[PDB]
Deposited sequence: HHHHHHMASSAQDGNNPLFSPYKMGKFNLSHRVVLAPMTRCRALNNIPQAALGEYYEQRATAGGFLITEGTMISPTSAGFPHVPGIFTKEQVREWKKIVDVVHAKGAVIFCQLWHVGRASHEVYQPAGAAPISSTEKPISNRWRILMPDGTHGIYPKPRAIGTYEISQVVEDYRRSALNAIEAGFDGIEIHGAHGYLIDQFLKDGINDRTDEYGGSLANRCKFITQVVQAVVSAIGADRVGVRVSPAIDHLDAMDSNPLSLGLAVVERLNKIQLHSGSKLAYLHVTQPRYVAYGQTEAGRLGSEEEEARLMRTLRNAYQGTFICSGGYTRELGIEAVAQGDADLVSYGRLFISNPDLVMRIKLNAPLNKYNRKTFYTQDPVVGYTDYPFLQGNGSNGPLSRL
């Protein structure tokens, strides 16, 4: 079974290829990592396994969900360390995903109820609704488009948060540049309507993610930096006229960064879309294989993977590691279960974003 052949990700000797995909669960009350996170990650950690934390705040204006952890204050760093220690004690490797939502926020999540920032002034449409602190859904407001100087301030927040992640003990960080968020808002031409040097051409649209990656690399080293993108996913009205072209454009910038920096990134992480048929290589698969073949380094595929699809991905060389989200929610021992090809617990979406430290978070049973 390919999923269980070792894999050397940089200095990390991974015993298997099943990865915990970053997942927002909203248990980090008031943005403070909670002991619950500790038990949650500990349950899923395995000797030689790779975990990626839920997206984490890089500043006071980077959140668009309630109770998501942050890593921009020393207090948060202190609490993250305890979680990182419990995970390391299991022999797992763990990276902290640095996340800024951009225009996908609401005044309720912004200091002084200010407007969320973005590359544009256009708001997400009403086809998408934001989750509110009280569990109901809200309207995405008009964001404020930032200038060159402010862009550099946000880049600095990523930088500072990356240093904090390292101070907390994390083995590295993952730059969240997918799913229609801040970075993705500069990447997708369906959103980026700028006329300055951060908009228009592929090179300009790629500038922001490049500056962000460069800043953290120069701060903690390319080896402790992973990057996540999703050119073919349009979540939150984040579409591009040419998904494949945009992805390759991003891949080229990353390869260039590695060559100039003289070191490879931890990995490239890509979320893929899944079409829907009926009672059930292809464009989508080929787009993924193409980004993988173009990228000089470790490739992590994600999005609707199963035990079967995962084995296939590693077996055909389409990916080095496979990240699982939803199945990892309901199966703390997903790695063991996949290895023994045992049944899988179904996940209850109702408690994906509730605040209880146990219910729908750590009370999913292990294999008996």
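The chain's deposited sequence has unresolved stretches at 1-15, 296-303, 392-402, with no C-alpha coordinates there.
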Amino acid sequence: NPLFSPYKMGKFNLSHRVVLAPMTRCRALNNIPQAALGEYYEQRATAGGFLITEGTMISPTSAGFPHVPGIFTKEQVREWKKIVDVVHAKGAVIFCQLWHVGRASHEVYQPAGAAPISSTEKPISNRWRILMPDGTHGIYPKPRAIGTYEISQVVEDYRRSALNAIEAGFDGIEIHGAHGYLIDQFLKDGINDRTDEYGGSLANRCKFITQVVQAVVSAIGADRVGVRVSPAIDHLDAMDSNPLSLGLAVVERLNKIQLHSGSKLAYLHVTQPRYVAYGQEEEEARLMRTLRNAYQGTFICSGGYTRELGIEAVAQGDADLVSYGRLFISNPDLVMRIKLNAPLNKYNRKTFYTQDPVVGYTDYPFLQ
From here on, numbers count along this sequence of modelled residues.
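Just going by the entry, 231-239 versus 181-189 on mean CA temperature factor gives the higher value to 231-239. Once the C-alpha B-factors are averaged per stretch, 209-217 and 122-130 rank with 122-130 first.
Each of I166, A294, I83, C96 has a CA temperature factor in the record; the biggest one is found at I83. The entry assigns its greatest Cα B factor, within the set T195, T298, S245, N255, to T195. Among the modelled residues of its chain, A277 has a C-alpha B-factor that falls in the highest third according to the deposited record. The deposited CA B-factor of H269 belongs to the lowest third of values across its chain. Among the modelled residues of the chain, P357 sits in the middle third by CA temperature factor in this PDB entry. Per-chain ranking of the deposited C-alpha B factor places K11 in the highest third. The deposited CA B-factor of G199 belongs to the highest third of values across its chain.
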